[PDB]
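In the block that follows, a single chain appears as C-alpha cells, in the form deposited in one PDB entry.
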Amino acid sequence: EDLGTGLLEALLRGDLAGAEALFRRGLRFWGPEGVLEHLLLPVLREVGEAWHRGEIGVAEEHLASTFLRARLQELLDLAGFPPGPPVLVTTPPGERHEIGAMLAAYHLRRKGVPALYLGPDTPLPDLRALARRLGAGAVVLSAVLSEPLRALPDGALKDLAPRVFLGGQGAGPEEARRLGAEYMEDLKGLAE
C-alpha cells in the first residue's frame, strides 16, 4: 500500500492514532533505514509543500512535523548507541528545514557514529552548553537557507565543540571559513 499518501492524509486531517498505524506498517515493510527515506522524509517534505501552498495552516504543519520527528527518534532509539563522544546534530538558529539534519544524523548513526539528533533551530548558547556538558566530540549543522549563517557574527561556531561541520544548500566554504566550521558538501562526513 502507498502508506505515503495515507500517512500524509492522516497527518493533514489530524488523525495521529491513524498515522501511527500507518507508520508502523511502513516500518514492518522496509525496516527503520527504509521507512525513514521512503516514508518519513517524503511525507515530511509533503507536509512542508502543503504549507507552502497555503493549503495548510501552521498548527497543522507543526503537528505533522512533531509526529514525524518523534517517529524519527524512535527509529534512532531502536538501535544501540555506539561508543565515543556524542555528535550533536541540528540546524542553525532561524533554520526550520531539518530533513538535511535528519539524514546527516541517520547516516552517521548507520556508520557507528554516536550522533544525537536534537531537532532543528537550536540556540547557539544552548548548543554550546550542551556540547560542553556532554563532552560532545562534534557538532553537525545543516543549513538550507543562507541567511541564518549570514546572520551570525564572525567565528560564531568556532567554540561549539572540538569539530564543527556545516553542510546543506545554504552553506559553503566561505560561510564555513567565516564561522569557524568545516564545510562538507556530501554526507560522506562519516569519516572524521
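Shifts are known only where both forms have a C-alpha. In this text, rigid core is short for the largest set of C-alphas that superpose within 1.5 Å between two forms. Numbers follow the displayed sequence, beginning with 1.
Keep in mind that the form deposited in another entry is missing from the display, and what follows is about it.
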| query | finding |
| --- | --- |
| Mobile residue between this form and the one not shown, C-alpha criterion 2 Å or more, rigid core, from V144, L166, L160, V47 | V47 |
| Comparison of CA distance in the other entry with shown form for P123, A64, at least 3 Å | farther |
| Distance direction in the other entry for the C-alpha atoms of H107 and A79, relative to the displayed form (3 angstroms or more) | closer |
| Mobile segments between this form and the one not shown [3+ consecutive residues, each C-alpha shifted 2 angstroms or more, core superposed] | 1-81, 189-192 |
